[PDB]
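# Structural overview
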There are 2 protein chains.
Amino acid sequence: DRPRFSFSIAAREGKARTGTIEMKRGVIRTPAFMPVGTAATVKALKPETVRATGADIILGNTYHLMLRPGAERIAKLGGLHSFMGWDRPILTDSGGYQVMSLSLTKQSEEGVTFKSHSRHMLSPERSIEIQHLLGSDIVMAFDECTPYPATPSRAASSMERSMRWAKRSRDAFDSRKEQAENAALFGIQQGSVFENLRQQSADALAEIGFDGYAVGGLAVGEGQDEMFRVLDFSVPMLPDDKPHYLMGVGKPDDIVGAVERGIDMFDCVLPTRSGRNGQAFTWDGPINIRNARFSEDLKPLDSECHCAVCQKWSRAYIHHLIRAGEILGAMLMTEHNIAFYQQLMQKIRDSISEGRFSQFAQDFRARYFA
Amino acid sequence: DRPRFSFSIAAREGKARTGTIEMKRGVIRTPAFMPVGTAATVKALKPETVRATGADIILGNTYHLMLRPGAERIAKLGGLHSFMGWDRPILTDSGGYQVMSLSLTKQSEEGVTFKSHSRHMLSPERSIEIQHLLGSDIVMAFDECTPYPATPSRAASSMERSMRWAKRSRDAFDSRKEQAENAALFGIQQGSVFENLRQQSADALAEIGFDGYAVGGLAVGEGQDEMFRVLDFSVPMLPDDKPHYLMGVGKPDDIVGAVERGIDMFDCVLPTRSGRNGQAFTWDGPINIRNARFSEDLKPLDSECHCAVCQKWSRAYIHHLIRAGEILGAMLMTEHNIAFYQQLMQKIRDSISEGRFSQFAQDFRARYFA
Ligand SMILES: Nc1nc2cc3nc(NCCc4ccc(CCO)cc4)[nH]c3cc2c(=O)[nH]1
Ligand SMILES: Nc1nc2cc3nc(NCCc4ccc(CCO)cc4)[nH]c3cc2c(=O)[nH]1
Ligand SMILES: [Cl-]
Ligand SMILES: [Cl-]
Ligand SMILES: [Zn+2]
Ligand SMILES: [Zn+2]
């Protein structure tokens, strides 16, 4: 049987790595993209379709699920895996970001109280407990995603609180034997865009010790240049021998650049959400299928894509569906976009394994931005 | 290779029949239920899923498709089958009903002019042409669905116009060699609830000659007792050796009773539309999955149903999805309901074949209405 958690690096090129995370519910190939399944569904896809695209792991959200249908309810029903019909690993975000994004809130050292978008509470202890009730495989520490921009003083105070919360998260996780034995716990680095704070945060997290390390506090409006600048110094601060997870990222070019900077895991609502809105990813860049120019275009969404959508339906048909507001339009766009993202990750993994990732990155960018 | 059209009756019980329609694109088992795919999609289902439920044929709509994406456009793109990815037979309604249901309208002996829900025109000739452009396998005559209730005088005048239009439809269809050689044409009986008018309509249609005969002008608010009363005398008026198609029907009990009265084909938006709205069909009657009583119900939608939805997901999960407005909720409810309808048709076919349909009808009703 597979271990609770084992990350092995099979090949490297510069800062980029490729390998596998073994967990009880399955193997995760890295660098990995996690489709987002916020409300116990990857929107518009059956789990079998999510798997068919190549996904090894999906993301769920503590915040959304605690509100609807409820964490205790999901536990009573057998846990998130059984509930939604996905039997492979699930990573759950801790709520620290979504509560401040979507909720009225009252923040304190204890945690956050908030009104549902009914009053609810999150704290390191309650967040870890909810993730336990869901039966999450990768549990995220409860943190605070510092707003951007942040002054150095505010970024420091925020980061310091997150580090205290990281320790509380660690202890809550460890105190629950079943969770400690079957799931993994990732810490989340904060510190805004400031190198010294990022270093202090990395040091605090490494002292506590986690199974993996997320770079939090990015993809919050800073833009790619700044994000990459922060990754340049932040990722090397994390333990080399554990996965590095960049939360909420991102566009295909964001992913490529982040892998170049040592990131192993990603999640983003972009392929699903923008798919439903008519944006299809292609190797020649994104297209908006609603555009009149596609009304009689018999080509598939992308000329090379191996997904079932591109094997069977035309741009013209999908254009019609999206224009008409048809559910099948959302389904097809989403399946294609998630498949595209997985094919991107596969090309990244293969190119690193073959020592030609730098060339892949260059070729990818040249064509995607042509 | 299969013929253009051949209807064979394999077994009978009272007025009920079971058999097959062979067409170039496939075999249709009768009695048949046709999922509705109004805008070139059976809402929330891939065509492969529609087929997996057991459907042999689906319905499309002249009215909707002529408006969006356009009949000429679909022809340019290779026809409706290629466009939507359904390679089996498609029946298209002629527009005669939907124009008056959904459109401002100007009616005359020539046809109907209307404003899109841009000005458009339908006539027997244009309707048949549109169905040709779509590449329909079963083409419906362009008719007028008489409003209910109707006075005998108005019902007669309406029916008479429909019969003149039936002849024009016949001639338009026959004048187009490719269509005449590859598709079938069904006439539509009118006459409201009046036996003498139904007889005159049947006589007119039989004199013209069609590949099949629809009972039109029902499922327009008359209710089941009245519908059944009209079927009692109307169906025997139609040629015995051709299919009998009851347009727009209906609930499971409507279907059973109509088969008892000699109907071979059905279409209805109920399983798809009401599925999206949270209504699931079961052998113990419909349930509304949104009801709080299902929030922790681990049972499948129906206890016996063989569909993929009932094999994998709980009422509790689907309840959550529908409550949350999740697309997967629409997908799962729709697949189950269409599968239920097909299982109903299979049970009907098997019971007629075995000479126990009367008993099936009785047992079905006893349990469904318990
Ligand atoms: N616990 C925790 N979770 C996070 C989630 C995040 N998600 C982001 N970025 C998401 C931004 C994002 C928003 C919308 C769209 C789709 C538009 O069609 C894509 C990306 N940054 C994030 C930071 C954190 C963080 O520090 N801590
Ligand atoms: N050409 C032609 N087409 C028709 C379509 C019809 N469709 C009906 N009934 C449909 C009624 C109907 C409407 C909505 C729902 C779903 C609610 O969730 C179910 C049934 N009667 C009909 C009569 C005719 C007719 O004479 N001629
Ligand atoms: Cl999404
Ligand atoms: Cl529908
Ligand atoms: Zn594709
Ligand atoms: Zn079912």
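Residue and element names in this part refer to chain B. Close contacts around ligand 2 come from 17 residues, with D93, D143, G217, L218 and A219 the closest. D93 is positioned with one of its side-chain polar atoms (N or O) 2.7 Å from a nitrogen atom of ligand 2. Between ligand 2 and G217, the relevant distance is 2.7 Å, taken from an oxygen atom to a main-chain nitrogen or oxygen of the residue. For ligand 2, the accessible surface in isolation is 600 Å², of which the surrounding protein chains cover 79%. The class makeup of the residues in the shell around ligand 2 is nine nonpolar, five polar and three charged.

Turning our attention to unusual backbone geometry. With omega at 0 degrees, the peptide bond leading from A:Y148 into A:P149 counts as cis. Note on placement: A:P149 falls in the loop between strand 10 (138–140) and helix 7 (152–174). Note that the residue after B:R68, namely B:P69, is joined by a cis bond; omega there is 10 degrees. When you line up the elements, B:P69 lands in the loop between helix 2 (62–67) and helix 3 (71–76). Residues other than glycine seldom take positive phi values, yet A:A40 does so here, at roughly 65 degrees. Summarising the element assignment, A:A40 is placed in the loop between strand 4 (32–34) and helix 1 (47–52).

Residues and elements named next belong to chain A. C305 (SG), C307 (SG), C310 (SG) and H336 (ND1) make up the full set of protein donors to the zinc ion (ligand 5), lying at 2.1 to 2.3 Å. In the primary sequence, the donor residues of the zinc ion (ligand 5) line up as C-x1-C-x2-C-x25-H. Exposure remark for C307: the relative accessible area of 6% places this residue in the buried category. Here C310 falls in the buried class, since its relative accessible area comes to 9%.

A word on the coordination of the zinc ion (ligand 6). All names here are of chain B. Around the zinc ion (ligand 6), the protein supplies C305 (SG), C307 (SG), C310 (SG) and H336 (ND1) as donor atoms, at distances of 2.1 to 2.3 Å. In the primary structure, the donors to the zinc ion (ligand 6) are separated according to the pattern C-x1-C-x2-C-x25-H. Separated by 31 residues along the polypeptide, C305 in the loop between strand 16 (287–288) and helix 13 (308–312) and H336 in helix 15 (residues 327–353) bring together distant segments of the chain. Residue classification places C305 among the buried residues on the basis of a relative accessible area of 4%.

Before going further, it helps to spend a moment on the UniProt feature "active site" in chain A. Residue and element names in this part refer to chain A. This chain's UniProt record puts "active site" on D93 and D267. Note on placement: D93 falls in strand 6 (residues 90–93). A relative accessible area of 9% means that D93 is categorised as buried. In this view, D93 contacts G60, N61, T62, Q131, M140 and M247; residues no more than four positions away in its chain are not counted. Mapped onto the elements of the fold, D267 is located in strand 14 (residues 265–267). Not counting residues within four places of it along the chain, the set of residues in contact with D267 comprises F33, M34, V36, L59, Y245, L246, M247, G248, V249 and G250. At a separation of 2.6 Å, a polar atom in the side chain of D267 contacts the side chain of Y245.

This brings us to the pairing of strand 12 (residues 212–215) of chain A. Side chains on a regular strand alternate between the two faces of the sheet. Residue and element names in this part refer to chain A. By the alternation rule, side chains of strand 12 split into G212 and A214 and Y213 and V215, which are all buried. Two elements, strand 11 (residues 184–189) and strand 12, share four bridges in a ladder whose sense is parallel. In the sheet register, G187 faces strand 12, and the bridge partner there is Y213. Read as a crossover between parallel neighbours, the route from strand 11 over helix 9 (residues 195–208) to strand 12 is right-handed. Examined bridge by bridge, strand 12 and strand 13 (residues 244–246) share three bridges and lie parallel to one another. Looking across to strand 13, one finds that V215 is bridged to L246. The parallel pair strand 12 and strand 13 is bridged by helix 10 (residues 224–234), and the resulting crossover is right-handed.

Residues and elements named next belong to chain A. Here the UniProt feature "binding site: Zn(2+)" sits at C305, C307, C310 and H336. Spanning 32 residues, the named residues nonetheless gather at one spot, since no C-alpha pair among them exceeds 8.2 Å. For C307, the residues in contact, after removing those within four places along its chain, are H336, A339 and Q343. Positionally, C310 belongs in helix 13 (residues 308–312). With residues up to four places along the chain from it excluded, the contact list for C310 reads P300, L301, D302, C305 and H336.

Attention now goes to the packing of helix 6 (residues 124–134) of chain B against helix 7 (residues 152–174) of chain B. Residue and element names in this part refer to chain B. With their axes 8 Å apart at the nearest point, helix 6 and helix 7 run at an angle of 45 degrees to one another. Compared by their axis directions, helix 6 and helix 7 come out oblique. Crossing geometry of helix 6 relative to helix 7 is assigned as right-handed. Where helix 6 abuts helix 7, its residues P124, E125 and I128 lie against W165, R168, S169, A172 and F173.

Next up on the list: the sheet that holds strand 1 (residues 6–13) of chain B. Residue and element names in this part refer to chain B. Read across the open sheet, the three strands follow the order 1-2-3; overall the sheet is antiparallel. In this open sheet, the two edge strands, each paired with only one partner strand, are strand 1 and strand 3 (26–30). In this sheet, neighbouring strand axes are inclined to one another by 10 degrees on average, regardless of whether the strands run parallel or antiparallel. Direction of pairing for strand 1 relative to strand 2 (residues 16–23): antiparallel, over a ladder of seven bridges.

As a further point, take the pattern of salt bridges. Within the structure shown, the criterion is met by 56 salt bridges over all chains. In this structure, the salt-bridge partner of B:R161 is B:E109, at a minimum N-O distance of 2.8 Å. With relative accessibility at 22%, the residue B:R161 sits in the partly exposed group. Through salt bridges with shared partners, one network takes in A:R12, A:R17, A:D240 and A:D264.

Right, let's talk about helix 15 (residues 327–353) of chain A for a bit. All names here are of chain A. For helix 15, which comprises 27 residues, the first-to-last C-alpha distance of 39 Å matches the rise-based estimate of 39 Å (1.5 Å per residue) to within 8%. Among the 27 residues that make up helix 15, 23 are buried, leaving the element largely enclosed by the rest of the structure. Looking one or two places after helix 15, you find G355, whose phi comes out positive at around 65 degrees.

We now examine helix 11 (residues 252–260) of chain A. Of all nine residues in helix 11 of chain A, eight are buried; the element is thus mostly enclosed. Two residues or fewer past helix 11 of chain A, A:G262 is found with a positive phi of approximately 100 degrees.

Before going further, it helps to spend a moment on the site of ligand 1. All names here are of chain A. Around ligand 1 lies a shell of 17 residues, among which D93, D143, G217, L218 and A219 are the nearest. Measuring from an oxygen atom of ligand 1, one finds a side-chain N or O atom of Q190 at 3.0 Å. A distance of 2.7 Å separates an oxygen atom of ligand 1 from a polar atom in the backbone of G217. Considered on its own, ligand 1 offers 600 Å² of accessible surface; in the complex 79% of this is hidden by protein. Class assignment of the residues belonging to the shell around ligand 1 gives a composition of nine nonpolar, five polar and three charged.

What counts and how
Residues numbered from 1 in each chain as written, not as in the entry; some residues may be left out. Chains lettered and ligands numbered in written order. Heavy atoms only, no water. Residues with missing side-chain atoms left out of burial classes, pairs and counts. Near = heavy atom within 4 Å. Polar contact = N/O pair within 3.5 Å; in protein donor to acceptor, adjacent residues only side chain to side chain. Areas by Shrake-Rupley, 256 points an atom, 1.4 Å probe, with all protein chains shown as cover. Nonpolar A, V, L, I, M, F, W, Y, C, P; charged D, E, K, R; others polar. Helix = DSSP H or I, 4+ residues; strand = E, 2+ residues; numbered from the N terminus. Donors = N, O, S within 2.8 Å, 3.2 Å for Na, K, Ca; no water. Buried < 20%, exposed > 50% of the residue type's maximum accessible area, 1.4 Å probe, protein only. UniProt positions renumbered as here; feature names shortened; annotations may be inferred. Contact = heavy atoms within 4.5 Å. Pairing = 2+ DSSP bridges. Right-handed = clockwise from strand over helix to strand, strands pointing away. Axes fitted to C-alpha atoms, helices over the stretch in contact; angles between N-to-C directions. Parallel < 35°, antiparallel > 145°, perpendicular 65-115°, else oblique. Left-handed = near helix turned anticlockwise from the far one by under 90°. Salt bridge = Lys/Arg side-chain N within 4 Å of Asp/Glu carboxyl O. Expected span 1.5 Å × (residues − 1).

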